[PDB]
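Visitor: The structure is given below, and queries will be raised subsequently.
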Protein chains: 2
Amino acid sequence: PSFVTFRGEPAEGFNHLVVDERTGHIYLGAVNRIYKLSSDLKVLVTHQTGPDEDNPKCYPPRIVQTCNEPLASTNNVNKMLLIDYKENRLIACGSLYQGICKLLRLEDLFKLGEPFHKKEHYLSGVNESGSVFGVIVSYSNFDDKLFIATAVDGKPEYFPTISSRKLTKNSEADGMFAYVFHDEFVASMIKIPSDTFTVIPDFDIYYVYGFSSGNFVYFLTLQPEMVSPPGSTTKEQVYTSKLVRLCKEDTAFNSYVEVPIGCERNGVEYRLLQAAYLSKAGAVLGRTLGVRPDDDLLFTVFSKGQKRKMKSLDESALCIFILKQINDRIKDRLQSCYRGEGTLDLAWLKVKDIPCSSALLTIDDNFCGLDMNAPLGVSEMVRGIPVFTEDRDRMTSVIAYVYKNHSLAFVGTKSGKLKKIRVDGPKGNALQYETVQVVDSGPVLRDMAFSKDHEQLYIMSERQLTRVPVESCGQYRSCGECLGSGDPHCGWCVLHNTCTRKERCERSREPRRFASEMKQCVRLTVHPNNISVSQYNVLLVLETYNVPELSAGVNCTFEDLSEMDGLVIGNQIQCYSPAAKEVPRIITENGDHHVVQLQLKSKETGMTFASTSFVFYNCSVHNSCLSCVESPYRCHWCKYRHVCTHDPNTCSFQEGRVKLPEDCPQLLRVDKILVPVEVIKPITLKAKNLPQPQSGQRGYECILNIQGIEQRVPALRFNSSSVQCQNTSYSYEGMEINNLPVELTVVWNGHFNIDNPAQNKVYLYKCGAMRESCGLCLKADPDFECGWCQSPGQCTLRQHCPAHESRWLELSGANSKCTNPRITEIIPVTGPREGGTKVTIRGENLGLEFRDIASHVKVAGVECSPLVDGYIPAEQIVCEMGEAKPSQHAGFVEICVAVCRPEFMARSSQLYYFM
Amino acid sequence: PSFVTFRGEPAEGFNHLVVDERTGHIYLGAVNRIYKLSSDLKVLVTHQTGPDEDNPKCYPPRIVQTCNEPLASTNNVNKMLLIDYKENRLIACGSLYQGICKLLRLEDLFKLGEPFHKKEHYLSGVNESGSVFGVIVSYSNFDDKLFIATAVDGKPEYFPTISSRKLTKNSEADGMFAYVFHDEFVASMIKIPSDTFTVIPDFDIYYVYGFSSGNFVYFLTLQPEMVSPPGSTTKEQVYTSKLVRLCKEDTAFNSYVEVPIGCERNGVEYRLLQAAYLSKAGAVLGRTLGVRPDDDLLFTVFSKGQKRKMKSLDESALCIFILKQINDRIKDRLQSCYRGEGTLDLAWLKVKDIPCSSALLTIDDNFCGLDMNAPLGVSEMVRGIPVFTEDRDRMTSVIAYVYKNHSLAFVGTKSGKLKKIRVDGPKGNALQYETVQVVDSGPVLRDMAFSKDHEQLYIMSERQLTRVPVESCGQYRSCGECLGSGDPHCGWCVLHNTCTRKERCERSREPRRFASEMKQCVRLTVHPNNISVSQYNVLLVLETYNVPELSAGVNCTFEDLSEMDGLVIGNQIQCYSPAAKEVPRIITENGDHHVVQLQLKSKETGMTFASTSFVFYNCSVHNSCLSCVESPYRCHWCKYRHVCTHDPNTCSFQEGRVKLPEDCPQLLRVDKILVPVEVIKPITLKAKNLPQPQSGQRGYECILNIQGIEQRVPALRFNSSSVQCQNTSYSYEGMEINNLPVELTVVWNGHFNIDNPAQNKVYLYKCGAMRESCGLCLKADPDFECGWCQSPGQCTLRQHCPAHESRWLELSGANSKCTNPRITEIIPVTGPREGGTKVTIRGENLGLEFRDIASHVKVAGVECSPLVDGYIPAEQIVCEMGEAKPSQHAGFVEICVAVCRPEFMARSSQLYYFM
């Protein structure tokens, strides 16, 4: 979904925004423009306030009098905007006129009037937007007025920073913006003293926010360095953010009060107000706050430190003030002055400190101020209660409202995002959500107002106004997710199967119709969690909690697959499982089991709300005992029927049932089964729980899976734990590999294969595919019984070789000389005459022990001594040659295994060369 | 158009005219000529009746017997003309033959016969035309005859005035013009008695008009003074106009009746018949007249008084007689005689009065007359109903006819004009039109006959015959005009879009096809009378009354510019306005608004009949609020948009709309704005509803329109009603004129100029362009603050002149002596030694008060006393010199302002001379 927005109709600029309580029309102040928009943010009307030829330096602007200074077309910035409902108009105060104010008709934006002539008609030279604020207060005729604060820019004589002014009925009337009570001695206005300007050149009061409360008017302000920070002479300017207040009723301006305000977080100071918003707590916050319904609260935003009002720091904190607490601080302060203690202490106003005069008085909240101990400041800075702090992205603006008693706070960010915060000090928690309706790259402005209906929140940017909906629970699809988010507005409208606020849910008041906590969802359980595929139409009981009255009717849907009607009794729902015809359509190809999300479909809504893990487990498919029992599910194996089933009764008879894996029928392993090719040999086997074949059932067979040939040999089952294939010989064609492992399957009654967990195999080995030489065979294990047969020039078992002579040769225990040693090749071909070389000789059929080879090696005449570690038996000899000084030059290498017998000696093919 | 006419073919003369009922051929009697013409007045045939050698004195003319008296070629005047259809000929009775009659064949004018031989064949010596008349009455054979009356000229033995004569079939036959029944005792003729001739020498009966009615024959006659006026002996002759009647059936001539006739108007007597015409009334006149369809009426024309039959008076009146009324008068008279009361009373006929004899009789209308109480006269003159009277131009002739029941009367005038009169006593109204088809200079004759078809009316003049069309409605272009004229013949043929009679309009009988009254036109209205230029294709509803069925189809045409189709529903027409593309093409350059005549174009005719005022008003063009609202049209101004538009919605927003002129934005005046050149001064202004500049809008500036230099100074708008340009100095180059008013324009947001109704200006004044002298400056207003600066010898404000010394001089309140008086010139240069002279001295820098100058003036030593009234301060002194007897002769004039101080005195350039 996209958020409805109004792009800077003048793509060029934007400054202030306000909403009409009745209409919902949105008025937007901007530079050179003032717009009237619909609730939807469609452009209703555009007013051209802009570019006027003018010059800031000139006093009474060009229209009244001629100015020596040159003029230029300049932009007129909307400094302020205030809705005057009674007058049915809009006060849209600009600048660049010496700050002349304009009156636009409410409906059409028709300019009712814009008083320029008198001095009062000029507010301030100041070009900056938002540095001004104020409130319009009205009563029936003969009671009324406008309170406005603005920066001076060092214009102290020309304009008052704070004033109480008149708003006549007729826009044409000359009287406008005149001071409520003007006397030669005192006027309902406060000017900045010239002395204070000389001392600190730049001093100026910037008014951020302002609101009327009870019967007073408050302003959040920023001021300069005056005794803060201390400094003998001018240099750097830092600001102090303070609260100001006035009685509506005080024409005299005696009521003025000014307290510094801020808050600290773990030793970090937040002194500068970015924005504020007066609001109500609602039942939730108020209770724990300890307030009356009527009592007000002030949300604020402050940046860290005293530095750079023009461009503040990212570090920012949202604090809170209860008006009762501030009222107390003020009353406390006044009751003190009346004590006669200390001075008034207001630096910018009164350079010379005047003392407070003691007097008898009943100090109340009603106290409007008196002639003596006149305008006064404040010593103790009022601290606020911190709420949320953003380090990375500075908060710019804030708003708040009461929703179902929970207090939702809105906070603009430098990024163009809005945070939706439930304040739960009085409750318990933090920030619920963040949104970027606005503008992804760059920030939001202080004027952020909720609509009259409070459906949306218009968020203003330099560039655009964006209608950000407050609560937007609809985004949440399921009860689990809805309640999961936690943003307090959202609840699960059970019957509607949607997520929204209490007000939005029809009949939410009724029981279990609306769910606040996850527990209410919905939690569901089914008593028969697991049902077998074979079973049909089984009775199931459903336990559900935190659900509304279902009397409308409910259906059980296992999945999109099926749906069965249910009847309700007690606090349970009774439905039936699907038919066998229906159940397997699902189960097929899922195999072992299929977990399915059984849902409940409500009759009224027609949407599945609640779910549970439901298992369909089909035992019958299992072909063997191991899969049946040993598997993950509850299945029973029937030894006799040789079928796997859920029901015990289905088995042939009681003795036949297999509950445990140990009890199955399986083949136990023994020492490796060695099988020579072409030899008749029996193969004994061990195993457990071998079944006695029943009537109509045949006996046991051994099946060998050899690709070349598969052998079927019948066997005898001696007892429950032993088997034996009958005398037979096996072979494979190829002579490719010596040792071939083969899978064997033991079967009975033709097809029934007994389980083989170990997966024992039979090793068919053929006597030397690998060994052409007598030395290699005798080298091999004595277990094989494989031995060298002289006549054939080959090596096989005695069984395999005919005995013309009494003997075939087997290494009796290594006491068997062999024979025919050969030298393939040797390393270092050449060597020095001096000797010392390490010759590495590699041969095929050498001696088995080192001791015999030692003294055996010779290079020609030269004696060579072999190395023990280096020597790998019958494969390789590493030997070190001795002194070569002899006459030969080149000579062949000789190895005599034990003795240099004629059969026993080997000579190198190529000779070793000495150089 | 010109009227078809026949010029006196004999250019020489003209006398009588008649139309053939079947053919339409027109026969025209004239002197020496008888013409046959076509309906068109083309010459068909000309007959020569003329110049015959003859002599009036001779009895049986030369042909029959020899005459002693000398003959001369004389003209033969056509006395009478009568169409004999049965005989297929024309009786054209002439004169100069002793009145022999001629018979011309109908078609060719071939002379069938002209009986001369017998005495009867001679009608009368009388040369005058028109003094004769008569009727031809015919029946099948063995029933028939001709009745003719003529003047005698004192020929009583020769000819009968009235006779009943025979008209035989054969023109050759001798029998012609023989009396119907001739007896030795009584013949069907009436002669004038010799006795009556001796008594009154000249007595003669002139017969003007004659007609047959029912079964009688009537004649309108003129006679002489016989008992009227009373007179012992002959002297003057006056005439009495009377009516005569006879039964057609009375061979005996017993039926003769004679009533005097006339009519009076407000005590004015109209006794002399000019002409008459028997006719029908038609339904309209008859009804109110109270007559049967068959009943006849007699229109007549009479001149005022009894005098000069030969040349009557201009005063003439058209009267009326209903035949029923005259018949009643006759029956009434007869029933009376039968009573035996009184005498017969017929002066000319019976000199000796014979009494009426009583007798039992049923007196009916049928009564033909009896042997006793034989021809009789009448006592009571029958009065007629007056209709129209012309004082200025005498009526000569008359005709009338029935048209669509309305009775139209035609009246010739002495001028040669015809009047078309609808007689509406029985209806209600008067004279509709007058025409000069005829002959512009001089008159029309009694023979005026309508054509058979009654399309035209042949109007005869001495010189020419003119075919004057009766009804000529075609002249009228629009329904409004057509119905406007009122001449009853005309109606608006809606679909044809023409003006004509009912008979002429095809399908006029159908509903709303023909319009009689203006209301029927057409009256049109459009509901959206005013439509804005900005609007397009607006629905308009059209309300029209008195229109025929439009189902043929109608189009809306705003003007010649565009035309849009329309659909009809109910009694309304729905059309659409033009498109914006179309509408402004019109609007451009007309500005404020353009009224356009939206017409309706009928599908059948294709002519625009009906119209309405349609306004196109484009608001947008208005540049300023004043023009927009303050103007003449409904336009709204949008303060914020600063645009003018018809639609309220288009304005920026509700508060922005300007409906009323007061609400605009305008600059109010203050005391005159005085601005010195080269001085830094602010200029405060007052105004109303100054706008607050909205977004994207700049502030206020003051622009001075000075031709030399235009200054742009920015200003501040304090509130909706006050402004002020900032401290600056202004100047203009030239030093030509002291006070220069300058137009100033206040602008905001660069171009927007605020309205200046008063058109207030700034007066730039420079300290004495006008005043070189100290006296002149101090004289000027204290307001200017302008004063005289001694060191410079010039005059300017203190600001303007450097103070080495503590003072620059200003008249503190006139207590400031100045200085350096000078005398330019004085009048009377010379004077008498005795004195008394009034010296008129004219100078530049004199005293401000009279009191100081008095006693100041001296001519040399001689004391001179000044005159108060005569004295114009510091410009001129009028002074009267005292006695000069001193020795000097000539001396210089001196004026000492208050005191004769050395700085303070002035002496004349030229001296005053005493002689």
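So you can find residues: chains in the structure tokens are A, B, ... in the order shown, residues in each start at 1, and ligands are numbered from 1 in order.
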Taking the DSSP secondary structure from the backbone, can you list the residues of range 203-419 of chain A that are strand (DSSP E or B), as a ChimeraX atom specification?
Guide: /A:206-213,216-223,240-247,257-265,268-270,272-279,297-303,305,316-322,343,355,382-383,385-390,395-403,406-413,418-419
Visitor: Would you pick out the contacts of residue 630 in chain B at 9 Å or less, using only C-alpha atoms, so that residues sharing its chain but fewer than 3 positions from it are not included, and give the list as a ChimeraX atom specification?
Guide: /B:625-627,633,635,660-662
Visitor: Those residues you just picked out, can you put them in a file as an mmCIF file, in the first residue's frame with N, CA, C and O atoms?
Guide:
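The result, written out as result.cif:
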```
data_model
loop_
_atom_site.group_PDB
_atom_site.id
_atom_site.type_symbol
_atom_site.label_atom_id
_atom_site.label_comp_id
_atom_site.auth_asym_id
_atom_site.auth_seq_id
_atom_site.Cartn_x
_atom_site.Cartn_y
_atom_site.Cartn_z
ATOM 1 N N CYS B 625 -17.142 49.502 -12.771
ATOM 2 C CA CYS B 625 -18.318 49.235 -11.988
ATOM 3 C C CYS B 625 -19.402 50.216 -12.333
ATOM 4 O O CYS B 625 -20.561 49.828 -12.487
ATOM 5 N N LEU B 626 -19.052 51.513 -12.485
ATOM 6 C CA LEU B 626 -20.050 52.521 -12.730
ATOM 7 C C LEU B 626 -20.758 52.243 -14.016
ATOM 8 O O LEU B 626 -21.985 52.269 -14.075
ATOM 9 N N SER B 627 -20.006 51.950 -15.089
ATOM 10 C CA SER B 627 -20.636 51.712 -16.352
ATOM 11 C C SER B 627 -21.505 50.496 -16.229
ATOM 12 O O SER B 627 -22.603 50.442 -16.775
ATOM 13 N N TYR B 633 -28.594 49.347 -18.149
ATOM 14 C CA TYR B 633 -29.104 48.009 -18.291
ATOM 15 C C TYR B 633 -28.859 47.196 -17.064
ATOM 16 O O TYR B 633 -28.229 47.647 -16.109
ATOM 17 N N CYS B 635 -26.919 44.780 -15.386
ATOM 18 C CA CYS B 635 -25.649 44.117 -15.443
ATOM 19 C C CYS B 635 -25.091 44.088 -14.051
ATOM 20 O O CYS B 635 -25.339 44.991 -13.251
ATOM 21 N N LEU B 660 -25.876 47.409 -6.879
ATOM 22 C CA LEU B 660 -26.268 48.792 -6.767
ATOM 23 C C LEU B 660 -25.076 49.687 -6.961
ATOM 24 O O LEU B 660 -23.943 49.325 -6.653
ATOM 25 N N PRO B 661 -25.338 50.859 -7.491
ATOM 26 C CA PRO B 661 -24.295 51.809 -7.796
ATOM 27 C C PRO B 661 -23.575 52.371 -6.610
ATOM 28 O O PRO B 661 -22.420 52.771 -6.753
ATOM 29 N N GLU B 662 -24.243 52.438 -5.448
ATOM 30 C CA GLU B 662 -23.703 53.008 -4.243
ATOM 31 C C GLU B 662 -22.586 52.151 -3.737
ATOM 32 O O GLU B 662 -21.610 52.647 -3.174
#
```
Visitor: Which chain B residues have any atom within 10 Å of an atom of chain A, and for each, what is the nearest pair of atoms with distance in Å to one decimal, counting only C-alpha atoms, rows sorted by chain and number, as a Markdown table?
Guide:
```
| residue | atom | partner | partner_atom | distance |
| --- | --- | --- | --- | --- |
| B:640 | CA | A:110 | CA | 9.8 |
| B:653 | CA | A:108 | CA | 9.4 |
| B:691 | CA | A:172 | CA | 9.7 |
| B:692 | CA | A:113 | CA | 6.6 |
| B:693 | CA | A:111 | CA | 7.5 |
| B:694 | CA | A:111 | CA | 5.3 |
| B:695 | CA | A:48 | CA | 6.0 |
| B:696 | CA | A:48 | CA | 6.1 |
| B:697 | CA | A:48 | CA | 9.5 |
| B:699 | CA | A:63 | CA | 8.5 |
| B:700 | CA | A:63 | CA | 9.4 |
| B:714 | CA | A:63 | CA | 7.1 |
| B:715 | CA | A:63 | CA | 7.2 |
| B:716 | CA | A:64 | CA | 7.0 |
| B:717 | CA | A:117 | CA | 8.6 |
| B:718 | CA | A:174 | CA | 7.0 |
| B:719 | CA | A:172 | CA | 5.8 |
| B:720 | CA | A:172 | CA | 7.2 |
| B:725 | CA | A:64 | CA | 9.7 |
| B:726 | CA | A:65 | CA | 7.4 |
| B:727 | CA | A:65 | CA | 8.4 |
```
Visitor: Excluding range 397-411 of chain B and any residue of its chain fewer than 3 positions from it, enumerate the residues within 7 Å of it, using only C-alpha atoms, and give them as a PyMOL selection string.
Guide: chain B and resi 274-277+279-285+300-301+418-423+444-446+448-449
Visitor: I need the residues from that last selection saved to file as a PDB file, in the first residue's frame (with N, CA and C atoms), if you can.
Guide:
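Output file part.pdb is given in full below:
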```pdb
ATOM      1  N   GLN B 274     -76.354  70.254 -58.196  1.00  0.00           N
ATOM      2  CA  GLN B 274     -75.276  70.127 -59.140  1.00  0.00           C
ATOM      3  C   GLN B 274     -75.325  68.806 -59.854  1.00  0.00           C
ATOM      4  N   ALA B 275     -75.675  67.735 -59.107  1.00  0.00           N
ATOM      5  CA  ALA B 275     -75.712  66.410 -59.652  1.00  0.00           C
ATOM      6  C   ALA B 275     -76.379  65.515 -58.649  1.00  0.00           C
ATOM      7  N   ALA B 276     -76.747  64.288 -59.083  1.00  0.00           N
ATOM      8  CA  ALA B 276     -77.360  63.312 -58.225  1.00  0.00           C
ATOM      9  C   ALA B 276     -76.999  61.951 -58.751  1.00  0.00           C
ATOM     10  N   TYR B 277     -77.232  60.889 -57.939  1.00  0.00           N
ATOM     11  CA  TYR B 277     -76.974  59.541 -58.379  1.00  0.00           C
ATOM     12  C   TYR B 277     -77.862  58.609 -57.590  1.00  0.00           C
ATOM     13  N   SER B 279     -78.873  54.939 -56.195  1.00  0.00           N
ATOM     14  CA  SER B 279     -78.059  53.773 -55.960  1.00  0.00           C
ATOM     15  C   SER B 279     -78.669  52.898 -54.900  1.00  0.00           C
ATOM     16  N   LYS B 280     -77.920  51.837 -54.514  1.00  0.00           N
ATOM     17  CA  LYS B 280     -78.313  50.947 -53.452  1.00  0.00           C
ATOM     18  C   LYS B 280     -77.457  51.283 -52.267  1.00  0.00           C
ATOM     19  N   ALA B 281     -77.970  51.010 -51.049  1.00  0.00           N
ATOM     20  CA  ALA B 281     -77.300  51.135 -49.780  1.00  0.00           C
ATOM     21  C   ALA B 281     -76.392  49.983 -49.427  1.00  0.00           C
ATOM     22  N   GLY B 282     -76.793  48.738 -49.749  1.00  0.00           N
ATOM     23  CA  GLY B 282     -76.025  47.613 -49.294  1.00  0.00           C
ATOM     24  C   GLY B 282     -76.459  47.375 -47.874  1.00  0.00           C
ATOM     25  N   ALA B 283     -76.070  46.233 -47.277  1.00  0.00           N
ATOM     26  CA  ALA B 283     -76.569  45.838 -45.986  1.00  0.00           C
ATOM     27  C   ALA B 283     -76.268  46.860 -44.925  1.00  0.00           C
ATOM     28  N   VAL B 284     -75.074  47.480 -44.945  1.00  0.00           N
ATOM     29  CA  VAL B 284     -74.693  48.347 -43.861  1.00  0.00           C
ATOM     30  C   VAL B 284     -75.603  49.532 -43.692  1.00  0.00           C
ATOM     31  N   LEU B 285     -75.732  50.367 -44.739  1.00  0.00           N
ATOM     32  CA  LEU B 285     -76.482  51.592 -44.693  1.00  0.00           C
ATOM     33  C   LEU B 285     -77.938  51.286 -44.564  1.00  0.00           C
ATOM     34  N   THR B 300     -77.022  63.319 -53.548  1.00  0.00           N
ATOM     35  CA  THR B 300     -77.139  64.521 -54.331  1.00  0.00           C
ATOM     36  C   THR B 300     -76.083  65.505 -53.925  1.00  0.00           C
ATOM     37  N   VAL B 301     -75.923  66.582 -54.722  1.00  0.00           N
ATOM     38  CA  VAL B 301     -74.985  67.613 -54.374  1.00  0.00           C
ATOM     39  C   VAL B 301     -75.675  68.931 -54.573  1.00  0.00           C
ATOM     40  N   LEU B 418     -61.215  63.516 -56.553  1.00  0.00           N
ATOM     41  CA  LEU B 418     -62.296  62.644 -56.188  1.00  0.00           C
ATOM     42  C   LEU B 418     -62.178  62.270 -54.733  1.00  0.00           C
ATOM     43  N   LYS B 419     -63.304  62.302 -53.985  1.00  0.00           N
ATOM     44  CA  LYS B 419     -63.273  61.925 -52.595  1.00  0.00           C
ATOM     45  C   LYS B 419     -63.931  60.578 -52.450  1.00  0.00           C
ATOM     46  N   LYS B 420     -63.374  59.700 -51.585  1.00  0.00           N
ATOM     47  CA  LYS B 420     -63.916  58.377 -51.414  1.00  0.00           C
ATOM     48  C   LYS B 420     -64.493  58.297 -50.033  1.00  0.00           C
ATOM     49  N   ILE B 421     -65.826  58.425 -49.928  1.00  0.00           N
ATOM     50  CA  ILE B 421     -66.434  58.603 -48.647  1.00  0.00           C
ATOM     51  C   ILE B 421     -67.240  57.415 -48.237  1.00  0.00           C
ATOM     52  N   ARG B 422     -66.964  56.897 -47.026  1.00  0.00           N
ATOM     53  CA  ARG B 422     -67.820  55.864 -46.536  1.00  0.00           C
ATOM     54  C   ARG B 422     -68.867  56.595 -45.752  1.00  0.00           C
ATOM     55  N   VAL B 423     -70.160  56.377 -46.073  1.00  0.00           N
ATOM     56  CA  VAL B 423     -71.196  57.056 -45.342  1.00  0.00           C
ATOM     57  C   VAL B 423     -71.506  56.242 -44.132  1.00  0.00           C
ATOM     58  N   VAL B 444     -64.341  68.462 -62.453  1.00  0.00           N
ATOM     59  CA  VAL B 444     -64.970  67.201 -62.867  1.00  0.00           C
ATOM     60  C   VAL B 444     -66.462  67.360 -63.150  1.00  0.00           C
ATOM     61  N   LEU B 445     -67.014  66.551 -64.103  1.00  0.00           N
ATOM     62  CA  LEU B 445     -68.382  66.641 -64.588  1.00  0.00           C
ATOM     63  C   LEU B 445     -69.260  65.586 -63.966  1.00  0.00           C
ATOM     64  N   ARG B 446     -70.590  65.849 -63.973  1.00  0.00           N
ATOM     65  CA  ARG B 446     -71.600  65.041 -63.338  1.00  0.00           C
ATOM     66  C   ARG B 446     -71.603  63.642 -63.877  1.00  0.00           C
ATOM     67  N   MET B 448     -70.304  60.651 -64.115  1.00  0.00           N
ATOM     68  CA  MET B 448     -69.210  59.919 -63.538  1.00  0.00           C
ATOM     69  C   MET B 448     -69.732  58.540 -63.310  1.00  0.00           C
ATOM     70  N   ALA B 449     -69.223  57.546 -64.064  1.00  0.00           N
ATOM     71  CA  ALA B 449     -69.817  56.248 -63.933  1.00  0.00           C
ATOM     72  C   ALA B 449     -68.807  55.218 -63.560  1.00  0.00           C
TER      73      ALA B 449
END
```
Visitor: Residues near range 887-901 of chain A, anyone? I mean within 9 Å using only C-alpha atoms, not counting same-chain ones fewer than 5 positions away, as a PyMOL selection string.
Guide: chain A and resi 817+819+821-823+830+833+846-848+851-861+906-915
Visitor: So which residues touch range 509-512 of chain B within 10 Å, counting only C-alpha atoms, skipping near sequence neighbours fewer than 6 positions away, as a PyMOL selection string?
Guide: chain B and resi 493-495+502-503+520-521+545-550
Visitor: Would you mind listing what lies within 7 Å of range 604-618 of chain B as a ChimeraX atom specification, with only C-alpha atoms counted and same-chain residues fewer than 3 positions away left out?
Guide: /B:495-497,522,524-525,529-534,552,592-601,621
Visitor: For residue 702 in chain B, find every residue with an atom within 8 Å (counting only C-alpha atoms), except residues of its own chain fewer than 6 positions away, and show them as a PyMOL selection string.
Guide: chain B and resi 711-715+725+744-747
Visitor: Mind writing the picked residues with C-alpha atoms as a short mmCIF file (atom, residue, chain, number, x, y, z; two decimals), in the first residue's frame?
Guide:
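Below you can see out-v1.cif, which holds the result:
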```cif
data_model
loop_
_atom_site.label_atom_id
_atom_site.label_comp_id
_atom_site.auth_asym_id
_atom_site.auth_seq_id
_atom_site.Cartn_x
_atom_site.Cartn_y
_atom_site.Cartn_z
CA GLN B 711 3.70 61.19 -11.42
CA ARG B 712 3.20 57.71 -10.05
CA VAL B 713 3.04 57.71 -6.28
CA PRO B 714 2.12 54.66 -4.30
CA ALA B 715 -0.50 55.00 -1.60
CA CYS B 725 -0.60 59.37 -1.53
CA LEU B 744 -5.97 62.34 -11.02
CA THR B 745 -6.64 58.65 -11.31
CA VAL B 746 -6.46 56.26 -8.39
CA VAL B 747 -5.32 52.86 -9.43
#
```
Visitor: Have a look at A:192, A:268, A:137, A:222 and name the one nearest to residue 161 in chain A; count only C-alpha atoms.
Guide: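 Of A:192, A:268, A:137, A:222, the one nearest residue 161 in chain A is A:192, counting only C-alpha atoms.
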Visitor: Work out how far apart CA of residue 754 in chain A and CA of residue 690 in chain A are and give it in Å to one decimal.
Guide: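 Between these atoms lies a distance of 8.4 Å.
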Visitor: Just list as a list in words whatever in range 565-812 of chain A DSSP marks as helix (DSSP H, G or I).
Guide: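 For range 565-812 of chain A, the helix (DSSP H, G or I) set is residues 583, 584, 585, 586, 587, 625, 626, 627, 628, 629, 630, 654, 655, 656, 774, 775, 776, 777, 778 and 779 of chain A.
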Visitor: Could you check how far CA of residue 771 in chain B sits from CA of residue 739 in chain B, in Å to one decimal?
Guide: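 Between these atoms lies a distance of 12.6 Å.
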